[PDB]
Every structure is written in structure tokens, then in C-alpha cells.
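Scroll down for the structure; my scribbles are underneath it.
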Amino acid sequence: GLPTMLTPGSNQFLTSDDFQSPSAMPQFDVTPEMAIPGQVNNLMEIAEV
Amino acid sequence: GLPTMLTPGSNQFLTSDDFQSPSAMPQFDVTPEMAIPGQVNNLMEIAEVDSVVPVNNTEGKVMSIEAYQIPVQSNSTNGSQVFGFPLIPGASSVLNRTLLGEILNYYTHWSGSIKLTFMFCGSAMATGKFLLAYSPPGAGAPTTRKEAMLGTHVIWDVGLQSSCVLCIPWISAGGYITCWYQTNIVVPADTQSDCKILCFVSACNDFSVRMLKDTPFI
Amino acid sequence: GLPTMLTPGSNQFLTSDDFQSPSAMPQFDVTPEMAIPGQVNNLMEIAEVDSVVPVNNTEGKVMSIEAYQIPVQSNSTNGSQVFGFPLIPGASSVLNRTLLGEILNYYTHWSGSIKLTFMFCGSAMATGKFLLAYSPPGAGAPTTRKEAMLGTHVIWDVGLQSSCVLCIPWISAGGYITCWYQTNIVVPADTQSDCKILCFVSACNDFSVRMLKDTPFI
Amino acid sequence: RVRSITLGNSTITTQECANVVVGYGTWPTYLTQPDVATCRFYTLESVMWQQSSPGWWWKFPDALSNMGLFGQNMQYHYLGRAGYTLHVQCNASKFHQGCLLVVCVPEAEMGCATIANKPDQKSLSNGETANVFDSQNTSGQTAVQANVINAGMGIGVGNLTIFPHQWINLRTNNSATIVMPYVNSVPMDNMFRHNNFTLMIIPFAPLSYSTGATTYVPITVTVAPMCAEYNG
Amino acid sequence: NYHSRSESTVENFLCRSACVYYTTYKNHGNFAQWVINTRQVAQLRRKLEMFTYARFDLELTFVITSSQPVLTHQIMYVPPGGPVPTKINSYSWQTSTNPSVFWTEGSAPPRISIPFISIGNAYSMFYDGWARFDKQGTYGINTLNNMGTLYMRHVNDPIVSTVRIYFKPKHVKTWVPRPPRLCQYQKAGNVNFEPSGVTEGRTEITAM
Amino acid sequence: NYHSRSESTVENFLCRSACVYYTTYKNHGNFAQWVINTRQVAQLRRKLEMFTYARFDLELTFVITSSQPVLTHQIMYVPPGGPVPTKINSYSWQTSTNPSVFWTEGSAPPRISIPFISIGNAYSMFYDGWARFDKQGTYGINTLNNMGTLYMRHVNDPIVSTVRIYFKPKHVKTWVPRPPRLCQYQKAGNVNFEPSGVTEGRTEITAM
């Protein structure tokens, strides 16, 4: 295969990380989003009330 | 080599995954596909095929072909019920072993419309009327012919049509199907037996299923 | 480094795999290829070469060159069988040690056509006719010259042609080859011995094999 | 009106308006040594439908195995292939009632009455003679578990509609026509050790009649092979 | 590719992993074996038997654990027609045409792919015929459905091993739908059944 | 590339892995060795001997297990003409022109590739001649067929090791086809045979 080296940080679990992961249910057909009134995108929208 | 890091999830076997794997026999020359009639691409192609519904599945009828035969008597009280059944989706007793029922029993959730066909099998010269009524979910089954008549229904005259087709919603009380003897069956001559009605069911249109599970029938 | 995950199958040795590997001697200057006559690209190039068939492989003939010599007698009963053999693919006794047979014995499945050549080795002035008959799979070998004559056949006159070629299917009862003395062999003078026939076999056309296995001859 | 159909030296009639079912939407075609000398109608002995009849079946390559030239072509060849048109008709009056399912089932492998055993050749097929379904559980060491409700296969009989079929309701029709394509895992096969399909005729509504009427209804099955092929 | 589609499609219905075989083998006494089959598990068998013919590739994953150096295990696949071992040291374990996987504990589980391998163009779920016409014991046996055999041994020169074989059909094509089985299964080698009622019973034919 | 082709092609016929050598060595007493050869295994030998000349590269995979820290093993390849060890501590183990592989247990098996390395343009399966004309013991010895030697030792300063060597020819070219051997093999260093019958016997020359 392709030559590689493992670097420090390999096989560690960082609670702050951001990596892809496999789905346990890749074949599941997910329910579509419908509009719901009141969508919140930021907490400042609450702080400003 | 190229610097890499192993992330969480490395070296685990997920029974649901989708990764490439090496062939044990990469040099094997695989037999070409030939056309075979009857290719199935989707299970809805099976759910949409009409099958006979065991409506008369009483305790002494289940082990016989008679389970599928709804009796009709020429000397019945007018206005009495001929037959009827709950369209309960949970363990539908007359619809869960049908081609439709078997497929829906592999999913945790489903929704769509159902086609119900009723076929009269009396003699060619037999005539009379039946009232086929539909009771929407939450309405309750009717108790009399008049109550059924004031709801949603069709008058089926067997002297004009050997069969009648209803189209109802079915999702998952669940609604009901009833049939009343508006009139009795008039014949030109005595017969040695009664008349029968056969019932058929299939998925009507845009039927969908959502999450595969084990069948409860094993 | 670059985030990665190891999947099932990682760190296993599959004897059938195909991966790159490092050279133990990357700096070695390798001797260039020169043309050599006789390059073989495919084993069918060998299977298609005619080889001599040990038709007369009786118990006392197998250890001699005589195994390949079919006897012909000038005083035979007319209509009697000269020779014959099963075209059984499973352990074909007269065809499985031939160039063709050896190659086919390395595969679990094969199919194609076979060329059979019969060569007469009597004197130049010898003449007479032979009946070469073919019995399709499931037909059974013929018992008489007339039965053979009413089937599929060729009349081979050794006074016109020193050899005759048949082309038959062979896959894997398996069909049969027979040869009958339509007439005896007529000669101008007495000889001190009989006449012989040699038989040759090869793959005829579009011969294919499907799955490599160990030879059964070791 | 009435349509007269001639194949070879045999002629049958059907209603001009009769419906034809083509199994799987496929017509038989050629891929071999063709033989059209057998492309004639073969009419099987009629069976009588009574008030209590449980049903009948035929294995096809076997049903025609004694039929003259068709039977001979099976006997003189190693491999072969064929499609079939099956015509099923009832002779009944307007004073008769009842309903049949006429269905062709591919690979109808049947179960044995004794769980530990396998059914024999005659219990599975009696050639051109119809085999009969039972209303009761059958019994025997090599007997087929012919109880009607499971169609001999361990399935519910009401679900046989998944296979090519036509209903015969005597108040509307007395006939069915099914075109059955060649269906297999291989292009050609041995026709003596494998039954490509089974024809089953099963009443779902019992025969009944007025009191002065004939007490039985004849059911006639006519078979017409198409595109027959054999090894050279 | 295939997964972002309705769960009603044939590939989503059938392309799911299942544990099809559980066994054990020891380092002293000695090997495990399994003939690849589709009639081994009732849920899998029932779904496949809704079709008459099918064509698919096989994915096999092995979960291997052990109980009392690095322990190495050998998994051997014998294609239809190949030689098989009878002994822990039979010559067939070294045959070049019988692919093997050598694996050690602590690594990700072994995994191999076996392509569609029948001589015919599809595997037959049902067979209304005989391997030999005059042999009653051959009714229902289609010799074109041989998918090969797996063998497992410990590689060395009081340890007990346990093996779980996970099977998944892939790229599945099916033909000629059949009714779902009503009866419970009796044997893997047959279609024998106990006659069974078409459905559950009711006390009356009317709606209430 | 090569695999998606007929199994009748030369590369598919010959490019299959085989176990060609099985041995042992201990950490006390001390090393294993194998001279690379093609006449070691009868099935391999027979297939290669259907040709007169061949040119190929070699792939070598080592399956190593052991029985009573991390255990390290050294695999050394000595090219034709290189020095060889006689002792566990011979200087030849450190020669820069004798490539070595250092490997530890628990990792994927060691693997190396050896290119075609003869001085001639092909390896000869047969040789109708002598290395030295007047020396009868040299008949059949072609000195151009030296593929080098492998040595194995445990790296340290009552453990028993076992080694299985897996060999696979690659990128194989062959010339001048020969008849398959009829006789059974007697020795790896010869073409000696016991005279053997051309085929199996029959009771009569006729069809039945």
C-alpha cells in the first residue's frame, strides 16, 4: 500500500474534535424538514428581547 | 511516509458499514447475466398486487379455503349486516397475511392508500343490492343499514356489476368496512347452496414504508 | 497528520491479494529481455495442438507405444466394430492425458468443440471402407453397423484419403465415437502383419475454461 | 363472435373477446435446433368440477411427455427449451355458479406429507393425468402435502395471485388464457428432471347449481408449445 | 449510490449484515467449518425466498475471540469443486487455489469478498426437479447453488476459539416474486411444512 | 490489469500464491534458511515445467508465529554471489549488500519483492548440458538459475519460532511449451523418473 506515518495525536479521543464518522443507519430514509415558525439562529435574538 | 492520524472509530466493525473489501477470487471469470422474466426492483411491486383477503377467518374457517369465502343468504333479514371488518393497521386480522400485509409487516412505519375489491360469485341470473359503507377513523362502525346509508357509501347491484372497488386511506379507530343487505338476492330457481363474495386487497397509490425491521411471523 | 480510520480487513494476509510491495534490491540493474522463439501467451495455444490419443489402452498395452495403435484386420467379419470410445469428459480414459486433456484437468469447468483425426497407416495399395459414427449425448453407442449407418456418420475410404477429420462438441452420456468395418481391407499381396490406425485430438474452436484447480495427476 | 385457431393439424375455438394474460409481460422467443412439427394443440383429458372438488394440478414438461412428437423430442435430445400457451375452458350454464383461480407457478417445489422425507415422482406428477389437491392434511411417506390451503408449498393459497393467473367467475367468463414464457436460471435444461412450472386450478367459490341442472362442470385444458428448441 | 433510496428497494431489503454462523475450534485434540448457505437463518431465508432466482456477491466478516505470543488464525475458502481438509494438517490447507486469510488478534476483524460464482446465471431459491431423476433424495437439489465452504484453524506449531460469521449480500438482483412463507421452517434442506392456517381467527364475520 | 482476463492466460495460471517452505528456528542452542527454488513444490513445479524458459519477478510473504517484551525477527536475503552465515552471529548478517527485514510480532506479515535477477535473459526450467563437461554430477545444472537465499533469525541479546514462506511469481513470461510430466517426481535436483504408463487401462477397445 501507500507509505504512511502515524503522528502524535493518533488514536486519541479529543472531546472537542471534528471528524467524520460512519452512520449506524445509512439506509434510513430521514423525515424532511417542514417550516416551523420561530426559528432561532443566534442567542442574541433572545438577549435582544 | 505521508503523516496520518487515526480517529475514533478506527478498527471497529460496524455491521451497518460500507467499505471496500478485497476479493478472495479476483482472477475468477464471472458468469454473465442473462435476461430472466419477472425482475423485481422494489417491494412495492409486490404490495400493489391484489391478493385474496381471509375475511371469514372464524375459528373453524382458518384451516380451510372457506376463510376467503363470505357467505350470502337469499333469505336474510333485510337491512342486516352481510360482513364487515376493522381496517385496524395494528395486527389487521383480515389483511395482515396478504401480499400487502406481509410487506408492511417488515417496516415500523408506513402510509398510503388501499384498494379493496369485492367480487360476487352467485349465478348469472342472480340479482339484488348491497350497501358498502366506509367509516372514517374515529367514527365507529354503523349499527344499522340506515346509519350506514347516511354515511359514506356505494350501492352495489350485483345484477349490473359482478364487482365493486373501494379506495380508502390506511396508515401506521383505523376506520371500518361494512356491507349490508339492502335487499336479498333474487333468483329464478332454487339452488342447493348459498352465494359467496370474495374480497381482494392491494396498495392503491403512492404507498410508502420507512424503517426495516424483523418480520413478526417467525 | 491526515485523519484516517482502519477498516475490517486491515493487517490481514490474503493469499489472493494484489498490493504493491517494496523491492529488496531497488538499485539492481535488471537484464533486458531478448526475443526467444515460442512465446506462449495462453494455454489454449497448447490445448489446440494435436496429440496422439491412447485409444488402445488395454491393460497389456498401456506400458507400450502400442497403446496408440488401433489394430485393423483384413479378415474381420464385415460389419463388426473396429474400435470405439466414450467421449465422457469425466476421466475420459482415452483423452485425459493428451495435451488437451492435461490442460482441461486444471479447471473445474470447461466447454468447447473437439477435433478428432483418424489416420490410416496401411500400405499405399491398400483399400477399403470404414464407417465413422457419432452418437450425441444421451443417445447410447450403436450395436451394429446398420444402426451406426442410420445415425450421424461419414464413410471413410482409405483408398482415397489417408485420414478423416470429425468435429464434435465436448463439455464439463457424453456421446460416443465408433468405427465399423463396412468392408475389409483389400491388398495386392500378403503382409506379415496387420494395419494400424492412429487417432489425434485437439481443441477445435472457441474452447473455454472457468476456474483454476490443482491437477489430479500428482 | 367466435375465433377459430389452427395449429398444425389441430383446430380449437375461443371467444373472440376472451382476455389473454402474458406472464411477466414477456412473449416466448428463440435464443439451437428448432422444431415446429410439435406446434399443435394438445388437449388434455377434461376433469370434472363438483361441489366438493379441492382443485387440480399439472407439471408441464411432464404433462406433455407422452404426447406423440413432443414426447419424442424430449426423448431424443439432451437439452431443450419451450414456452407455452395454456387455454382453460369451462362448460357451464347460466344456472351454474362458482369461481376458479387458474395460475401458473414457476419452480413449484412441493413439500412432503412426512416431514422427514421427500415426495416421490408420481405423487408430484401423474403426467397428463391431473393431480388432485386435498381439503384435508394428507398422509404418507412419499405423499405430497396437497392440502389446498397451502397450495402444496407452505404459503397461503390466497397469495398465488403473485404468479401469472386469471380468474374464472362463471357469471362473467368461462375461460382463461395464459402465455407462459420460458423461465429458468439457465438458457436450456434437461426436460426430464426439471419442471419449469406447474399449472394449478383451484376453486375459491364452490360449484353450485339450480336443482335440475347438471351436477358437474367439465374443465378442459389445451396446451400449445411455442419456440421449441433442442440441442443439435 | 444504493443506500440513499427507498427502503422498499430490493437492495435495501436484502443488503443487511447477519450473523449466520456460530462455532468453536481448539488448538489441541481441531478445526471449524461452514458450508456457505442462505437457508441457515430463518429471517434471511424468508426474505430471499420471496424471489425465485437471485444474483449477488457475498461479503464475509469474521469476529474471532479466544480464551486459555500473538495468536494467528487461518481462514480458508474452498471454491466449489476444490479439495477440503479432513484433518488439521491435510494438504488442502496449502492449496494455491483455496484462498486463505492469515490474521492476528488485536487487529480489525478479517474481511473477504466472494463474487457471484455459479455456472448458471442466477442462484435458485427453489427447484422443482432432481439432481438425479431416479433418486428421490435429490428432489430439490440444485447443484448450481454451491457457494463454496469456509474452514478455520489456529496457526501454531489449552486454547479455545470462537467464531462468529457475518454475512451480507451485495449488488443483489432478483427475479420472479413468490408468496412469503406461511408455515414455520422445518429443515434447511427442504420445503417441507406443517399445514398451517391462513391467518388468525375471529369470533364473527361482522365489524364489531 | 492482468486478473480481468481469461484464466487460461499464462499470468493467471502461474501468478498464484503457494506455501513453498515450512521451517523452524530457536532463540537458543539457531537460524533457518531456504534456497529459493521452483522445484520445491510438485504442483508449482509441474505448472512451470510446461515451459522451457521463463522470466518473472518474485513476491515473498512470511507468516511467522512463535511459542515459549516484543519479539523481533530478522529476515535476510542474500543475492546470488553474496556471503552467507554459518553461525547465528556471522558477519554476513550485517552485510550492506544482503538486504534485511526487521519485523515484530503483532504487525502485518513481512513482505518483499525480488526482481528477475539472472544474468541470462530467462530462467531455464530444463538444461540439456553440464556446468562442467567432464563432471557427470553437473548434468542438468544451470548456474544462471540462482535466485539467491533467505535466512531467518530471532533478534535479541526457550522460544521456538515457525516460518511459512509464501511465494508468488509475477509478471510472468514463458517460452517453448513442453508436454506435462507423466511420471511422479523423484528428486528436486533431477528429471529422473520411473517409466510410467501413458494412461489408465480399459478392458476392451470398443465403445461399450
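Chains as they are written, first to last, in UniProt numbering: chain Y, 331 to 379; chain H, 331 to 502, 516 to 561; chain G, 331 to 502, 516 to 561; chain A, 81 to 111, 123 to 323; chain B, 623 to 651, 656 to 694, 705 to 793, 798 to 848; chain E, 623 to 651, 656 to 694, 705 to 793, 798 to 848.
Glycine included, C-beta positions come from ideal geometry on N, C-alpha and C.
Hey, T474 (chain H) and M554 (chain H): beta-carbon distance below 9 Å or not?
-> If you check the CB distance, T474 (chain H) and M554 (chain H) do not come in under 9 Å.
Check whether the Cβ atoms of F283 (chain A) and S156 (chain A) lie closer than 9 Å to each other.
-> Yes.
Quick one: Cα of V382 (chain G) to Cα of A471 (chain G), how far?
-> Approximately 23 Å, taken between the alpha carbons.
Roughly how many angstroms separate the alpha carbons of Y167 (chain A) and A478 (chain G), rounded to a whole number?
-> The alpha-carbon atoms of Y167 (chain A) and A478 (chain G) are separated by roughly 16 Å.
Output, in chain order, the set of chain B residues within a Cβ distance shorter than 7 Å of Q357 (chain Y).
-> Within chain B, the residues near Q357 (chain Y) are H625, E629, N634.
Between the Cα of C542 (chain G) and those of G:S410, G:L434, G:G414, spot the shortest distance and give me the residue it belongs to.
-> Ranking the options by Cα distance to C542 (chain G), first place goes to G:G414.
Anyone know if the C-beta pair for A354 (chain H) and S346 (chain G) falls short of 9 Å?
-> In contact: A354 (chain H) and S346 (chain G) (Cβ atoms closer than 9 Å).
Whether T457 (chain G) touches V529 (chain G) by CB criterion (9 Å) = Judged by their CB atoms, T457 (chain G) and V529 (chain G) are nearer to each other than the 9 Å cut-off.
Three-state secondary structure (DSSP) at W660 (chain B)?
-> Of the three classes helix, strand and coil, the one that applies to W660 (chain B) here is strand, per DSSP.
Test item: CB-CB of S137 (chain A) and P309 (chain A) under 9 Å | A contact, by the Cβ cut-off of 9 Å.
From A:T106, A:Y104, A:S144, residue whose alpha carbon lies closest to that of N238 (chain A) | Per the Cα distances, A:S144.
Buried or exposed for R842 (chain B), please, with buried defined as at least 16 other CB atoms from any protein chain shown within 10 angstroms of its CB.
-> Burial call: buried.
With a CB to CB cut of under 7 Å and the five nearest residues on each side skipped, what residues in its chain are close to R627 (chain E)?
-> Counting only Cβ-Cβ distances below 7 Å, and skipping sequence neighbours, we find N634.
Taking the C-alpha atoms as reference points, what is the distance between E378 (chain H) and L434 (chain H)?
-> Going by the C-alpha atoms only, they are around 11 Å apart.
Three-way DSSP call (helix, strand, coil) for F688 (chain E) in this model | Here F688 (chain E) sits in strand by DSSP.
To the nearest angstrom, report how far apart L336 (chain G) and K810 (chain B) are at their CA atoms.
-> Rounded to the nearest angstrom, the two C-alpha atoms are 21 Å apart.
Considering only residues of the same chain and omitting the five flanking positions on each side of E363 (chain G), which have a CB-CB separation below 7 Å?
-> Only residues of its own chain outside the window of five on either side were considered, and among them none has a CB closer than 7 Å to the CB of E363 (chain G).
Would you kindly work out how many angstroms separate the C-alpha atoms of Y133 (chain A) and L430 (chain H), rounded to a whole number?
-> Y133 (chain A) and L430 (chain H) have their alpha carbons spaced roughly 38 Å apart.
Closer than 9 Å at the beta carbon, the chain B residues around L251 (chain A) | Those are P819, listed as they occur along chain B.
Alpha helix (DSSP H) containing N634 (chain E): first to last residue?
-> It spans 632-636 - the alpha helix (DSSP H) in which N634 (chain E) sits, taken as one unbroken run.
Contact set between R747 (chain B) and chain H, taken where Cβ atoms lie within less than 7 Å | The answer, in chain order, is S351.
For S493 (chain G), the first and last residue of its enclosing beta strand (DSSP E) = Looking at the DSSP string, the run of the beta strand (DSSP E) that includes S493 (chain G) is 493-501.
Where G765 (chain E) sits in the DSSP three-state scheme = It is coil, neither helix nor strand.
Which two residues bound the contiguous beta strand (DSSP E) that contains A173 (chain A)?
-> Residues 171-181.
Tell me whether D537 (chain H) sits in a helix, a strand or coil according to DSSP, three-state version.
-> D537 (chain H) sits in coil when the DSSP states are folded into three classes, being neither helix nor strand.
Is the shortest distance between the beta-carbon of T839 (chain B) and the beta-carbons of chain A less than 9 Å?
-> Under the 9 Å criterion on CB atoms, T839 (chain B) is classed as interfacial with respect to chain A.
Any C-beta of chain E sitting closer than 9 Å to the C-beta of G742 (chain B)?
-> It does: the Cβ of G742 (chain B) has a partner Cβ on chain E nearer than 9 Å.
Start-to-end residues for the beta strand (DSSP E) that takes in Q666 (chain B) = First-last for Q666 (chain B): undefined, no H or E at that position.
Would you list the residues sitting across from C823 (chain E) in a DSSP beta bridge?
-> Answer is none; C823 (chain E) lacks a bridge partner.
Distance CB(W147 (chain A))-CB(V235 (chain A)) smaller than 9 Å = Here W147 (chain A) is not near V235 (chain A), since their CB atoms are 9 Å or more apart.
Where do the N-terminal and C-terminal ends of the alpha helix (DSSP H) with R131 (chain A) fall, by residue?
-> That residue, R131 (chain A), is in no alpha helix (DSSP H); it is neither H nor E in DSSP.
Should the segment 751-766 of chain B be called in touch with the segment 664-674 of chain E, which here means at least 3 C-beta pairs below 8 Å?
-> Cβ pair count under 8 Å is below three, so no.
Using a Cβ-Cβ cut-off of less than 8 Å, give me the residues of the segment 335-346 of chain G that come near chain B, in sequence order.
-> Hits within the stretch, in order: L336, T337, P338, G339, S340, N341, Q342, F343, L344, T345, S346.
Are the CB atoms of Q710 (chain B) and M788 (chain B) nearer to each other than 9 Å?
-> The Cβ-Cβ distance between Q710 (chain B) and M788 (chain B) falls below 9 Å.
Continuous alpha helix (DSSP H) stretch holding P152 (chain A): start and end | Annotation for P152 (chain A): the continuous alpha helix (DSSP H) segment containing it runs 151-154.
Got a sec, what are the start and stop residues for the alpha helix (DSSP H) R475 (chain H) sits in?
-> Its alpha helix (DSSP H) spans residues 475-479.
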